[PDB]
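Secondary and tertiary structure notes
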Amino acid sequence: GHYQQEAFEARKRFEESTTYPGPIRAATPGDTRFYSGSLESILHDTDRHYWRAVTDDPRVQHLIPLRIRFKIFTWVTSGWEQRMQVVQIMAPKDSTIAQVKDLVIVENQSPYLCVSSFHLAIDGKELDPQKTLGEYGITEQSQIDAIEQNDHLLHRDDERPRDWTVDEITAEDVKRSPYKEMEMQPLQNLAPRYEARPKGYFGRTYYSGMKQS
Amino acid sequence: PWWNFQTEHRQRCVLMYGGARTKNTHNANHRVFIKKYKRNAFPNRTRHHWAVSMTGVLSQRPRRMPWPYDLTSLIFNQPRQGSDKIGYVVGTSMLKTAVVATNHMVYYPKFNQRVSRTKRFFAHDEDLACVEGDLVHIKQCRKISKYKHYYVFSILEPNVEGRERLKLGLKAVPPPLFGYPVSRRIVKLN
Amino acid sequence: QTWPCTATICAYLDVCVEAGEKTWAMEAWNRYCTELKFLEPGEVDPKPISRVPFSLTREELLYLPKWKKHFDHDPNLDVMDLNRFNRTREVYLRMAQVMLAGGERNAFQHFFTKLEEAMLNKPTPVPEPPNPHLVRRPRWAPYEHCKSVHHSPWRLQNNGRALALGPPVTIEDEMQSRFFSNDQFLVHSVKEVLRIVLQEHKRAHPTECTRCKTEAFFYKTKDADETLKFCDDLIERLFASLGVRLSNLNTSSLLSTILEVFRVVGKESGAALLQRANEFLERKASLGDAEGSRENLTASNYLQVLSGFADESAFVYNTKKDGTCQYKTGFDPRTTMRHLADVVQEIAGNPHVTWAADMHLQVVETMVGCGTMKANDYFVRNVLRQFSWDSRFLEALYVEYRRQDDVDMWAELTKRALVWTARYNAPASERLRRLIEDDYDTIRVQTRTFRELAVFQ
Amino acid sequence: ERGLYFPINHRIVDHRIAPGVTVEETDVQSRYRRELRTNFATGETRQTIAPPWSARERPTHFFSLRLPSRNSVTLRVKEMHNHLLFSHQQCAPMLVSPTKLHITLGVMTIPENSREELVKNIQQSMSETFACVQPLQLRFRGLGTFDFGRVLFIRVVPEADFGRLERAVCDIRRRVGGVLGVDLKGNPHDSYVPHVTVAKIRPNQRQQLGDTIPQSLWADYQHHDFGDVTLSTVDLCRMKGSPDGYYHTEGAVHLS
Amino acid sequence: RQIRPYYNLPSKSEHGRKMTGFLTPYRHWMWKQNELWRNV
Amino acid sequence: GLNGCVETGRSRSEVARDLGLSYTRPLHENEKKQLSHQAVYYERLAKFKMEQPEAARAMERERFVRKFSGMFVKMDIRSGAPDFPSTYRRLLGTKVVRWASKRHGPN
Amino acid sequence: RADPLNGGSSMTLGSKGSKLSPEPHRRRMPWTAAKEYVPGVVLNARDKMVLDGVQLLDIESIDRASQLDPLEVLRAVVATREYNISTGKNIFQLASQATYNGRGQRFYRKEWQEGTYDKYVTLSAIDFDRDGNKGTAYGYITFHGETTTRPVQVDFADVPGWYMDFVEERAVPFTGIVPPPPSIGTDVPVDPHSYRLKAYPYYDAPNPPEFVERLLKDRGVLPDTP
Amino acid sequence: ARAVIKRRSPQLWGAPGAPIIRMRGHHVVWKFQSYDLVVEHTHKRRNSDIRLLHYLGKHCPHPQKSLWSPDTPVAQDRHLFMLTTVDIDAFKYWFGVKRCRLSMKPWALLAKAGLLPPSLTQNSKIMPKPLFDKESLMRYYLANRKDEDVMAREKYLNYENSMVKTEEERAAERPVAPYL
Amino acid sequence: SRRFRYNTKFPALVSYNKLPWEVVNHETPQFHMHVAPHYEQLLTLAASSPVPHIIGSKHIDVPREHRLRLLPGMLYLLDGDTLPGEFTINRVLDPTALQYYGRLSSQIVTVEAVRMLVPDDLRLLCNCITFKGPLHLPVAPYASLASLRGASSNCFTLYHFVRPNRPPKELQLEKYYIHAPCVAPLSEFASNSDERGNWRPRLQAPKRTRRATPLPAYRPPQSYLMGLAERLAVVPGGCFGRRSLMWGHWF
RNA sequence: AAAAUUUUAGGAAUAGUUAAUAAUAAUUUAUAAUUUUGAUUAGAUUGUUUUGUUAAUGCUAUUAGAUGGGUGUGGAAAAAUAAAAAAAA
Ligand SMILES: [Mg+2]
Ligand SMILES: [Mg+2]
Ligand SMILES: [Mg+2]
Ligand SMILES: [Mg+2]
């Protein structure tokens, strides 16, 4: 918005200064890992956990915290839900989109995400695995999605996983994949016990951007 | 009304004019100790309980109460009590962890005098400067691990002898000769 | 005893100007900003932060008294380092504005001359990046779960992901004042001075500058001529000083302010404003030596043109004679609407001009004043669904309704307009509601809530 | 079951993500302790940073303490090379030859026109600064990284005569950059970090070598002790690698 | 509470409450009046 | 680099970090081989999840599913008590059988 | 919160309302959104005394010994039909009778046409599930001569409160597309003789005299003698 | 949101709810009974002190003869007295800024004091509750309605800032010669 | 209710209470529900002022390689009916889908046909809408659509490319909500029009001797009602408006 | 998240265990952690404005109320009789 161009322009004018001595690092503190409160809070790199009244010199950001979005199928008791999971890397400024894929693959801790090949895309347009973040104007604020192989098949009943509510789960597939891990047959402590949202939660029509009634 | 005699009482529901509305807790109850165990067999190794045990904390005679005024508050303005401590580093066996012995103060109002007690803390030194026998400044902070709420704020006095002792490959300080006391007699010869 | 930084001084001088009290700004100046310098070739550009920040050597810690070791964050300590970006030219500008506002020519001439000279002959200071605390660094969010634009089937809901309503008020499309070059800041400074002239004129004659509350609105005030003279001399002073350099910078905001001064103080019909603006732009394309390719009047300028037309046709409503309306002496609706029409033709022609609610409002108002009786159709085609509105629309529109042939049309049109108000989230204002109430004997339209009336009695 | 239910190291809030996002819309997952991993662990070091205009131009000359013959340092660095090359021989182009080992006290850009005025004037000021300073015994242990893990060096511990160095350097810093305006890549009111550069990746090399020296090589030597050295000799050197087989030396000062 | 009169719409059900709040138009008008007063 | 920052709150290791100085005591082989073992975690991990995705996905299955099984699923003052046996001693004999003593550390 | 009753005025809990806002008060429960509902209990509640003396069969009783006289079957069908309309008529019971499943017709619920309340629904399209009397029904809402821009699922289509009026002019074939009827302020120029506005945003109705009589005869102003 | 509701003392919303000004006292023989005006939360616990925001005062519901003042032949003064202590800075804070609620009995009290108008529950059963019709109300409103600006300024003075600066104190506060 | 600050409660990996991510299925009617009211707005824009990529001369051609990094999001209008190559053709005859194009076909160009085109590899989509006849809007001369023969040969088509099963964001329609005035009503007073002399002003309201005809007397409704819609927080119709104003609900 | 204050006449060892790594490890790495400045088990006991005596540093009382997890709802578990809290006209 306004911030982005205000600070961009500020940086760009700062770089064209003929006369500047350079900052004194005894006057330019780092950040503290030690502050009150139990939680450990990660902030912007321009920001500190103490009060600093003075505005520090604009720096180019050498580690850009990209966010890459995935679609997961979350099991809730009623049936499957399709929701969103972000993976966040720190990708060096000049890095190549291939390398961004690689960093993204290493950083995900969920078993259900990276199984097949995925393509990075912005507003539905694929990115060249060949070229730099610089060219595509990728910043933290930029919205990056990720698209799997079978994702364009999800409108069918096949690729989309089958919920034991409406579908047979057989000794074929009891031993394979999220079904196996889930332990469909109830145990005393009830197995891994997944989040549940009921059937009448959204009414007769499911969740939408547009009000349908 | 607590200032009125036994016979002077009329109503028990209100204070007529002013003063303190006081409930009488009955202090003399003749409470007693029940003896459930033989003097031979008492079911504890280190200590035996034969009488009525005094209870509470600060209700405990003779009263021992927290004393804010000591060396530590003398030097520091603390936002919260115990937010600053000065102590000595005792041992570093744990990476990025300095154990620190510190003194604090207790006041006995009966005898009108103070005692110094001592307490150990785990402090977090990133970068591992602290050598056993350093005089350090220590502060309260973010919870770091199960037992570490404190970090090393500044080394007041480093240990120069200990550091040069390390540089030569030797331990910072000689290991204590005897460990904890025992109730046995160890006969170990040659 | 907190020493104000340059930013703080700016703010307080803004308060001074708007208050028009020179005697505040003078003491403030004298006390704090005196030694404030400009930036020269030998100056070092944004000065590094030099402060140590506060620590204690072990001897300082142990041997000092309690208070010498007490650090509360004290504004005074970093004042030097808040000032490290050299915002001085702003202070000088504000101070010019004040000396003008308090009606003193010599002092104003002084500050403005210093400023002009420095802007011409000295380097442009490096701007400060956006203050983390005043304005907040935008934090990352996915915009996925959001009420869609069409979420409510009855209207256009604006949304966090994009704006479908369109701009309610025209914005100037210039970066924050500190990001300007020195020449650009010279221009900006002149437009600022003009704006203060205008404000002072409106504080001296609030009656004449308010639209259509009095017939006094249609006629130049005496003292308007000396004012416009001042403005003339000022602008020609700007063309005298800046040379060919003017060809390279944005004159848009300057123009719109110029136009608004010649619309308000001197009162010029819409055609006179368009003429004036075109002559100005020709002047700017000619001083730079080139092939032309004139920049067109930007949206804000056109806003001043149109509001010029609306000033042209304006009525004092409801004389105590139960006489309908008074109009500007020597008023021709035909001419006015002629020029307005081909002007809107011109605007809608140019693809780079973004429309806003206020522009439409000026047009609509000119339509009502002209007795066009097309005001409705324009409003419903171009505005109603696709913008967020004031109730000012419905005010002038009501004046339009009132003039139709039979009564029933009046009534029904008015009622329908209220329904519009309920549908589109216009909170129909008190002014409008009073306008409707006045005719209650004729139209029988109830404007008040039940509860409101009860409570009232 | 073998520890805290919620391990304390895993409690992390990301404030650089918008408020409300993590509660409803989506959850954000990251390995957050790669970033939180500190300056001691990574081995980074914060050098005096250049203003952009100075950052544009290559450095030409530098101040150096010359290491004498028969050093503890040179010997142990040779031992370290042996070990590293036996582990991974992809290091071979990264490593600096033991012949070029020197202590870097500061770096500077001299333009080629004013060259002689500047070298004479510098040399003189340098000789005046170091007039009173007797030789310096400094201690080397530990490794560190400059320029995002591209430069791998041996730290100079502030346990010894180092203190004196700091005043000494800060004087020439205030002469060479303060008095006669010269481009020291930093501020003259700031002190440079002295170091012995061991491995380095130049721009040309970077393609075949990679963008950062993998920490797996030097992890074990990170805190290794290279020993003590006394230093009598200060040089101002231009960087030419073929003139004498050692950095081409434009000026010299003896500490005695 | 919300007052439920006897001439509210009777719900014939054995599985739940016997009387649904639904108002005779009279009751609505009345309620409006009382509530105007308390608005005052 | 021996002093901490009063206004900043940052420790001495922090201002030492910022001035680009390193105070560190000479280390024995313990601390050296611990640190040199820890430094490399991410390279080992990157190599693991590049070159061997199935093994990784197995372990992850176990972790992810574990998060739903177990004692506490959500973090509250009870769950997020750093010292569980200490703050609830009143549970230790009867209800909670995991711990046999109320104190495992200084406090 | 977004839209309070009488602004915040707290002098009584009842002063607020029966719901604080139109919007759901907890975010975790969306269905708490303020709707316009309908007395489902009474309006389902079909009359079982209509099925007295009938002898219905079931679906899966196909047996030869089980079924009955064709006359008995016919009066059974008529009894069942009377049982289904016994409350009012469901949309899907109205729509199957009209041409083109009643596309284009205006379906008003009884209470939408009485008092100052004026509202109806133009039918855009219909999905009959296998069971009639149920389904989904989409359309445009028209409230006081002001119409929706896009179609919407008609709420409470299953509850039997609905009436409509068949007009050949409004009929649309399944081939074409049902146009939204014009909102009277915008698309069609406002006319008094064609359409007059019942009630408008600040209006409300005068007092009907029998209500007044009754309320005074309640509060004890006007006397009432046994 | 309790699984088995506490049946006897229900409330509205979660506890602790918006602070409400209550009258409460321990129950005793009627001859000695006093009450406490107390700002506290909506959901009380066993002892009323746990949620107690402020203590507004004592109120004694026993008409008293005034023996503090000299016996006065004035008719009205020798009616019995009813004594109450109000803390009105805290009251105006809590009620005004914090937006409290009010039970009815304290309302009757503070009405007697002149802090509040008489409550909703105080009924002369002589008069009925009024009727309303909008056209008559409208005629009365068209009959009397003040000017817009007058009304806006009244709302300004009552709700927003009261204390304003006359031109005089301006002239007296603006700097003189050496810095003017 | 406001959105709470951050989630410290549940592990991130597991993600727990999360509004489902809405995804647009092209096989259902729901797709068109999303896309339709945008199209109309889009066309409206095209009728007033020019937008650059809206009008192409011919079908866009790209290699297989660059297919999915160029096409998705692209929306352009063509004069004739020609269906993009390597696209399987689906006719949309199902009435529920057709339904949402109602407003667009009545108050803008009549919709002749709708087509769902899916690429053979199945990962791309083209929504193709064929309009018949001239706009029911007036068309400006300098406007984009004035360069088209199908408006102002009477058939012409809109083409919209998109990925299947994506959120109704990355079909990019929201860039188009720029709003330009239709200058048709003022075209009367321009110096170009010869009907500008047939115009006459009404400056003053005409003397009126009669009040508006009074509304028919109010019949109080006879059936049961759900209670005050004020107190139930129901907006005036259950339709639109603010809950404070109870107009037009029964009483 | 912590800091202080913590009882038994005759006194010994305690343990899903410390610290670093990390959304690791039922077998990661380490010279680990608690204790005689009194631990852990075990007895007794409802913890830091409430009483009684007294000229007085003292002695002598103070109730009651937070008892783990196992589809985890809720803003917060405080959620299975036992009010004396007006709980959407
Ligand atoms: Mg603890
Ligand atoms: Mg026990
Ligand atoms: Mg709220
Ligand atoms: Mg249980």
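What the deposited record gives as its method is cryo-EM, and the resolution it gives is 7.8 Å.

Some remarks on the pairing of strand β3 (residues 136-143) of chain G
All names here are of chain G. The buried fraction of β3 is high, at seven of eight residues. As paired elements, strand β2 (residues 119-127) and β3 share eight bridges and run antiparallel to each other. Its bridge partner lying in β3, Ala-125 is registered against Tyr-138. Judged from the two bridges that link them, β3 and strand β4 (residues 146-147) form a sheet pairing that is antiparallel.

Some words on the protein's contact with RNA strand J
Lining the immediate surroundings of RNA strand J are 155 residues, of which B:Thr25, B:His48, B:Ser183, G:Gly17 and I:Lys9 lie closest. Each atom of RNA strand J within 4 Å of the protein was classed as base or backbone; sugar and phosphate made up 66%. At 2.4 Å, a side-chain N or O of B:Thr25 approaches a sugar or linking oxygen of RNA strand J. The side chain of B:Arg120 places a nitrogen or oxygen atom 3.3 Å from a phosphate oxygen of RNA strand J. Of the residues forming the surface near RNA strand J, the biggest block, six residues, is contributed by strand β4 (residues 113-124) of chain B.

Observations concerning helix α14 (residues 357-370) of chain C
Residues and elements named next belong to chain C. Taking 1.5 Å as the rise per residue, α14 with 14 residues should run 20 Å; its terminal C-alpha atoms sit 20 Å apart, in good agreement. Counted residue by residue, α14 has 14 buried out of 14 residues, so it is predominantly covered. Once α14 ends, the next one or two residues include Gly-371, with phi positive near 70°.

Section: the packing of aromatic side chains
Here a ring pair, both rings aromatic, is described through the centre-centre distance and the interplanar angle of the planes. Overall, the coordinates contain 74 aromatic pairs over all chains when judged by the stated rule. Measuring from ring centre to ring centre gives 5.6 Å for B:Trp2 and B:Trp3, while their planes differ by 85°; the resulting arrangement is edge-to-face. Look at B:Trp2 and you get exposed, because its relative accessible area is 58%. The partly exposed category is assigned to B:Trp3, whose relative accessible area is 42%. Grouped by ring-pair contacts, the aromatic residues A:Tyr112, A:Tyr194, F:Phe64, F:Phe68, I:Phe10 and I:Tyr16 constitute a single cluster. C:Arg433 extends its terminal NZ or CZ atom over the ring of G:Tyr202, reaching a point 4.5 Å from the ring centre. A cation over an aromatic ring shows up here: G:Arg106 above the ring of G:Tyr120, its NZ or CZ 4.0 Å from the ring centre.

Considerations on the sheet that holds strand β1 (residues 75-78) of chain I
Residues and elements named next belong to chain I. One open sheet holds the five strands; their spatial order is β1-β5-β4-β3-β2, and the pairing between them is antiparallel. Two strands bound the open sheet, and with one partner strand each, they are β1 and β2 (87-91). Ignoring strand direction, the axes of neighbouring strands in this sheet form an average angle of 25°. Taken together, the seven bridges between strand β3 (residues 110-119) and strand β4 (residues 125-132) define a ladder with antiparallel strand orientation. Its bridge partner lying in β4, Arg-115 is registered against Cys-128.

Definitions and limits used
- Residues numbered from 1 in each chain as written, not as in the entry; some residues may be left out.
- Chains lettered and ligands numbered in written order.
- Part of a larger assembly, values for the part shown.
- Heavy atoms only, no water.
- Buried < 20%, exposed > 50% of the residue type's maximum accessible area, 1.4 Å probe, protein only.
- Helix = DSSP H or I, 4+ residues; strand = E, 2+ residues; numbered from the N terminus.
- Pairing = 2+ DSSP bridges.
- Near = heavy atom within 4 Å.
- Polar contact = N/O pair within 3.5 Å; in protein donor to acceptor, adjacent residues only side chain to side chain.
- Expected span 1.5 Å × (residues − 1).
- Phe/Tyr/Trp six-rings, centres within 6.5 Å; stacked < 30°, edge-to-face > 60°.
- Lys NZ or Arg CZ within 6 Å of the ring centre and 35° of its normal.
- Axes fitted to C-alpha atoms, helices over the stretch in contact; angles between N-to-C directions.

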